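Student: Structure for this input, please:
(chains A, B, C, D, E, F, G and H)
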Amino acid sequence: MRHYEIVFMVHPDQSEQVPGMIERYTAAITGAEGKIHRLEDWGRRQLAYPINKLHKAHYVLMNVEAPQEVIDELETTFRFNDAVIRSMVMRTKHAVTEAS
Amino acid sequence: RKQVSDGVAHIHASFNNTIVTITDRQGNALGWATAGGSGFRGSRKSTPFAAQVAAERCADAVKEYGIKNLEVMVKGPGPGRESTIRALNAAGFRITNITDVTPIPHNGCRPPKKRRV
Amino acid sequence: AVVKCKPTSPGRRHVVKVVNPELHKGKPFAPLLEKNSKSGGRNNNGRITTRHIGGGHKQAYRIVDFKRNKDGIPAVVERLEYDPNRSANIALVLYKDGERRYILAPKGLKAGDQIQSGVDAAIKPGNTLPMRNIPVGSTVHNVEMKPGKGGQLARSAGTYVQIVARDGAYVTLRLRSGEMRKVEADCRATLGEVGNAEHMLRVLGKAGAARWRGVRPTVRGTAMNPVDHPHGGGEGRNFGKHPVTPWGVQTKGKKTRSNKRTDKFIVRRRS
Amino acid sequence: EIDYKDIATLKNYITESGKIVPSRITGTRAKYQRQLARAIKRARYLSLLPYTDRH
Amino acid sequence: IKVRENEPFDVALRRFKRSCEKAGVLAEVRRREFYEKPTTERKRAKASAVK
Amino acid sequence: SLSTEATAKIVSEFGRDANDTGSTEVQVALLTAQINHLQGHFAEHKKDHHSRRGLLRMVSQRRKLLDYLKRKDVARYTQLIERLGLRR
RNA sequence: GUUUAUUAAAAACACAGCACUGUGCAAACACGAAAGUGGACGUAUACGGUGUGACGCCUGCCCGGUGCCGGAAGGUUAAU
RNA sequence: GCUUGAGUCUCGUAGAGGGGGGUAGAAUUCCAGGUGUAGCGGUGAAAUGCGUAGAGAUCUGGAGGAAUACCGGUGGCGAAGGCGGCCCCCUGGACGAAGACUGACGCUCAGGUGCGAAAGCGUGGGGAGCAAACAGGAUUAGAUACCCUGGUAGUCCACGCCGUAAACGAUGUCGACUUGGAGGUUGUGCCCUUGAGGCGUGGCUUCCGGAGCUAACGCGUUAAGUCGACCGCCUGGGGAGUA
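Tutor: Numbers count the residues shown, from 1 in each chain, chains lettered A, B, ... in the order given. The protein structure is shown below:
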C-alpha cells in the first residue's frame, strides 16, 4: 500500500461533525485494510486569506497508508461533500516527524 | 455634518494623469478631484504639481464633511502620489497609514506591444 | 465513429456515416413500443401547417422514461438501442424487481452499468436526482421544467445543462443555447451529458438521405411567383426587397417572442 | 529538513508581502531554496501563508 | 507596500519611497520581459563587474 | 518502471542458475515485460512521444540482444522466442 | 432527380453542403372567429424562415438611404 | 575464452522530461448594484474614442478565458523542438557508493521510420487580454508605416495535417590522449557525531587562460589541439534553392 497525507478544512458552522467524519474516514481506510500513521486535529484556526467569504476554519491532518483506489474514492468524497471547503492529498515527503 | 471622522484617500496615479477620491471606510465615495479638473493639459497634468493642486481641491471638496483622520491608498506608477500625500498632509488630515494598492498581477493576461517607437 | 464513404458513386462521394457497434442489432423491446403514424403537414383541419414534412421510413415509438421514478431501486443497463424518434441513443434498463424501461442514454453509459433515481442516489452519470442533492457546477441532462413533469431540457444528442447557481428554492441553469434561466430546485435532472455526440458530424451526402429522414424539398420564395410568396417575380433573378417569411413577417433579425409569464424565469437571453 | 506544516520558520523565510525572499539574500542552498518554495506554495494553498498582504 | 505612522510624528513620509521594487516591476510587467536576452546581458555585466 | 518483485520473478524464471540477471534471455524477457506494460500504458496515453522514445530504445535493445543470441546459439534463441511469444 | 399532364425538359426548380436569423417548450411558426391541432409524443447536435447551392481556393471596401437589433436623456404624442 | 567496451540487477538521489485529470491566488475584461461629479483615456503635442441616458474613481456580488508575480539563478531536465503555480495517476531518461551477472552483444549508418518552435490548413468547441487584415484620428511634402483609438482571423482545447526557422554552439556522432585557475549544480568516502568546517572521488555545466591550431577573430580537456571509425555537405558571384 502507498503512503499519503491528507489535510482538509471544515466549516466552523459544521465543526461539530468533525469527529463523525474522522470516524467515517478511518473506518473507510481500515475497511480497505490501510492504516493511519498519524491523525491530528488543529481545531478552529485563523486563515491567512478569506475563501468563500468565510471565517476561521477547522483544520485536520492525517498521514495515511492506503491503496490508491480508496485514496481516489476519499478525494472524490471530499469533492462531492460540501462540508469541506478545501482538501489536499499528497503522496510526496512521506515519513515526516511525528506530531510536528 | 459627518460625525465618524474616518476617511480613505484613493490616489489612482498614472503616467498621464492622477485622480484623488476621498471615501468612507465602507467604500462609498464622498468626493473626487483630478489634474484635468484642476486645469492642466498633457505634460502639465503629468507633472506632480498638478497632483498637489488636485489633492488640494479634493480636500476642499471634503472640508464640508470634515474628516479628521485619513488612510492613504496609492495605485499606479504615476509621479504624483509622492506629492499627493504631501498635499493632503498640508491640507490637514491626520494620516494614520499609507498603503500601496497598485495592481501587481501575476503573468495573467498578455500585455500590449504598443508604443515600441 | 465517423466513416467517410468511398466515392464509388455520386451520392456516396460526400456521405459520412456514424456507426456504433455497441448498439443492439435486432428488434427493440416490444412491451415498450407504440404505433407512430406520420402526421406532419396535416392538421386536424387537414391543412399543411408545418411545411417540408412528408414520407420517410416507417417508425415505431419507444416509450422512454423522462419523468424518471422507481426511487431507490437500482437498474442494470442492458444493450443500448437505436431510436428513430430522436437524435440520441436509448438504453434498455432492467430494474431489480423485473421492470424494463427506456432511458435517454448518456455519454459514458455501457451495458452492465448501474443507475438509480432517488434522493439517496450516488451522483454518477446516468443517475437522476432533484437539483438540491446535485452540486452546483455539474453538467446535467434530461432536466424537468416543473417538479414531476418529466425531462424537457437537454434531450438531443450531445447536449448538456450547467447548474450555475442556487436561489434557495430555484436553480439557475446555463442551457445549450447560452440562455440562463431559473428552474425550481425540486425539478429532477440526470447527471452527465447525452450520448451520441458524433450525431452532428454526419453528412447526408445526397437528397435521398433527407427524403428518408422525411424532409420534403424547400422552395425559395425568389423561385416562386408574386401570388405565392412576398418574394417572387422579376425578369431575372433579383427580387430586391427585405427578406420575409411566406406570410410577411421579417425573417433576418426580428425577434418573435411574445411570452410574458416566463420572463421572470429567463434571466439572460441567449447569444 | 523543510516541512510546510509549521508556520514560524516559513514566515521567517518569506517577506511581509508574502513573497519568497531570494537565495542571494537568505544565504540558503539551492536545494533547500527549491524545497522552501514548494513548501511555501503548499502552505499558501492551504492558507497557512498569504499570497499577498493586500488581501 | 504598507507603512503605519508612529504616534509621535512631525511629518508623514515613506522612508523607502525611492528604493521600492513596486514601480521597478510595474514598468516591466507593463511590457515584454524577454527573459533570455536581458538576464544574459545583466549576468554578463555582473561577471564583468565583479572580479 | 518495472517493479522490483516483478524483475525478481522474471530473473528467477529465466535464470537456470541463481543470480543470472545479466544473461541475454533475462534481459530480453525484462524488456519484453516492460514493452507489454508500456503498450498498456500508451493505449491510454497516445502522444507520449518522450516515453515512446524510451520504448523504441528498449525495442532496439531487445532486437539487438535477440540478434546476438541468434548468432551465438540458435537453440537458446528458438527456446526463448517460443516461451516468450514473438517474432512470427 | 423534378418541371409548364395538351407547342418550352432547359442553363429553370430541387438537391446534399454553407451561412444568417428566430425559437427555453403552453417554443417560434402555421391552420382555426374559438376550443383545439400540427410542429412533436420532438426539446437548441431540435424545429422554422430566408438566401446560396457538391467539391477546391476564397468571399474585399461602404451602416450615408431603407429594414432589423439595442438605449431612453430631450422634443413631439392617443384614449383618459 | 576473458572483462577492460556495451548492457542487466540490488539501494538511493536531483530535476519546468512527457501524457491525463483536478484545484488554488493575484490581475484584465464583462454584467448587475451602492456612493459620487464633469471629466476620463491617449500623446512629443493633440485628435478619433468613452462620458451630460451618471463616464472615469471607490466598494459589493457574479460570469468567463488565458498565463502562472516572488522563488528564478552566468540554475535544472530533455535527442532536438522545447519544458516554470500546487496536488494526484501513468510513465521515459540521467547520475552515485558498493557488490553480482552476460561476455564484443560495439560505433556510425546512404535509403527507411519517428519526433519536430512559431505562423498556417481541416472539423468541432472556446474566446478574458493581445492582435495580422480592416476602420478612424495623428505625423508627414506624401504615409497604403512607425504613434493613438478600436478591432476580425489567430493566439486557447480535442483529433488530424503541414514539416519549415538566424531549427545556431552558424561547430554531425562515437572513442582515446593532452598544461591550469575561478565558480554553479547534483551524488558519495574519510576527519573532531560537536557547524551551510577541512581533505578526495564521479556526472552535468559557466567564465578566463598555457602549449598547440587558425587567414585573423578566436578555440583551448565540454577544442576549432593530437589521432581513429562512419555519415552528410562544398567547388567563383548573380541567375537560383529559381524553372
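
Student: Strands along the chain, start to end?
Tutor: The chain I'm using is chain A. A:2-10, A:35-45, A:57-66, A:84-90 (DSSP state E).

Student: do the same with chain E
Tutor: E:2-4.

Student: Just to check, residue C:172 is in contact with residue C:161?
Tutor: No: using C-beta atoms under 8 Å, residue C:172 is not in contact with residue C:161; the gap is 10.6 Å. (Each C-beta comes from the backbone N, C-alpha and C, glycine too.)

Student: ok, the two, which is more surrounded?
Tutor: It is residue C:161, of residue C:172 and residue C:161, that has more neighbours when counted by other C-beta atoms under 10 Å in any protein chain shown, with 24 against 18.

Student: Distance check, the more buried one against residue C:167.
Tutor: Distance, residue C:161 to residue C:167, by C-beta to C-beta, to the nearest Å: 16 Å.

Student: What about residue C:181, how many residues nearby?
Tutor: 23.

Student: List the contacts of the residue of chain E found nearest chain D.
Tutor: Nearest residue of chain E to chain D: residue E:1, at 5.3 Å (C-beta to the nearest C-beta). For residue E:1, the contacting residues are B:99, B:100, D:16, D:17, D:53, D:54, E:22, by C-beta atoms under 8 Å, 6 or more residues apart in numbering or on different chains.

Student: Same list (these) but as TSV, adding secondary structure, neighbour count and distance to RNA strand G.
Tutor: Converted to TSV, the contacts of residue E:1 look like this (DSSP: H, G, I helix; E, B strand; the rest coil; neighbours: other C-beta atoms under 10 Å in any protein chain shown; distance: C-beta to the nearest atom of the strand, whole Å):
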residue	secondary structure	neighbour count	distance to RNA strand G
B:99	strand	18	38
B:100	strand	22	39
D:16	coil	9	48
D:17	coil	16	43
D:53	coil	15	42
D:54	coil	17	36
E:22	helix	16	41
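
Student: what kind of secondary structure is the residue nearest to residue C:19 when sequence neighbours are not counted in?
Tutor: Computed as C-beta to C-beta, 6 or more residues apart in numbering or on different chains, the closest residue to residue C:19 that is not its neighbour in sequence is residue C:3, at 5.8 Å. Recorded secondary structure, residue C:3: strand (DSSP: H, G, I helix; E, B strand; the rest coil).

Student: Name the residues linked to residue C:3 by a beta bridge.
Tutor: Beta bridges link residue C:3 to residue C:17, judged by DSSP bridges.

Student: On the three-state scheme, the closest residue to chain E within chain F is what?
Tutor: Across chain F, the shortest distance to chain E (C-beta to the nearest C-beta) belongs to residue F:50, at 23.1 Å. Classification of residue F:50 using three-state DSSP returns helix.

Student: Can you get me a residue count around it?
Tutor: 7.

Student: show me the contacts for residue A:74.
Tutor: A:6, A:25, A:28, A:29, A:66, A:89.

Student: Could you rerun that using 7 Å?
Tutor: The contact partners of residue A:74, taken as C-beta atoms under 7 Å, 6 or more residues apart in numbering or on different chains, are A:25, A:28.

Student: before we move on, back to that, nearest to residue C:132, of the contacts of residue E:1?
Tutor: Taking C-beta to C-beta as the measure, residue C:132 lies nearest residue D:54 of the contacts of residue E:1, at 37.1 Å.

Student: Skipping its backbone neighbours, what lies nearest the closest one in space?
Tutor: residue B:101 (5.8 Å).

Student: of all the contacts of residue E:1, which comes closest to residue C:232?
Tutor: Among the contacts of residue E:1, and counting by C-beta to C-beta, the member closest to residue C:232 is residue D:54, at 67.8 Å.

Student: Would you check that that closest one makes contact with residue B:100?
Tutor: No: the pair residue D:54 / residue B:100 is not scored as a contact, 8.6 Å apart, by C-beta atoms under 7 Å.

Student: For residue C:188, give me its contacts.
Tutor: Counted by C-beta under 7 Å, 6+ apart, residue C:188 has contacts C:68, C:128, C:129, C:130, C:144.

Student: try 10 Å
Tutor: C:66-69, C:71, C:117, C:119, C:128-131, C:133-134, C:140, C:142-144, C:147-151 (C-beta atoms under 10 Å, 6 or more residues apart in numbering or on different chains).

Student: buried subset of these?
Tutor: Among these, those classed as buried by 16 or more other C-beta atoms under 10 Å in any protein chain shown are C:66, C:68, C:117, C:128-131, C:134, C:140, C:142-144, C:150-151.

Student: Residue numbers of chain D in contact with RNA strand G?
Tutor: Residues of chain D found near RNA strand G (C-beta under 7 Å from any atom of the strand): none.

Student: what about the residue sitting furthest away from the middle of chain A, distance to chain D?
Tutor: Relative to the C-alpha centroid of chain A, counting by C-alpha atoms, centre = their mean, residue A:53 is the outermost residue, at 21.4 Å. Noted for residue A:53: a distance of 12 Å to chain D, by C-beta to the nearest C-beta, to the nearest Å.

Student: now do residue B:38
Tutor: 29 Å.

Student: which residues touch that residue?
Tutor: By C-beta under 10 Å, 6+ apart, the neighbours of residue B:38 are B:18, B:20, B:44-45, B:49-58.

Student: Would you tell me what the next helix or strand after the longest helix along chain B is?
Tutor: Ranked by residue count, the top helix of chain B under DSSP state H comes out as helix B:48-62. Next along the chain after helix B:48-62, taking DSSP states H and E as the criterion, comes strand B:69-75.

Student: Tell me the buried residues in that following strand?
Tutor: Quick answer for strand B:69-75 (16+ other C-beta under 10 Å): B:70, B:71, B:72, B:73, B:74, B:75.

Student: Stretch C:196-207 now?
Tutor: Quick answer for stretch C:196-207 (16+ other C-beta under 10 Å): C:196, C:199, C:202, C:204, C:205, C:206.

Student: how about those residues in a markdown table, adding secondary structure?
Tutor: Output for the buried residues of stretch C:196-207, formatted as a markdown table (three-state DSSP):
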| residue | secondary structure |
| --- | --- |
| C:196 | coil |
| C:199 | helix |
| C:202 | coil |
| C:204 | coil |
| C:205 | coil |
| C:206 | coil |
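
Student: Closest one to chain A out of these, please.
Tutor: So of the buried residues of stretch C:196-207, ranked by how close each gets to chain A (C-beta to the nearest C-beta), first place is residue C:196, at 26.9 Å.

Student: so what's the nearest residue to that closest one once chain neighbours are set aside up against?
Tutor: In space, and not counting its chain neighbours, residue C:196 is closest to residue C:157: 3.8 Å by C-beta to C-beta, 6+ apart. Taking C-beta under 10 Å, 6+ apart, we find residue C:157 in contact with C:18, C:83, C:86-89, C:104-105, C:107, C:193-200.

Student: Who does residue D:14 form a beta bridge with?
Tutor: Under the criterion used (DSSP bridges), residue D:14 bridges to residue D:20.
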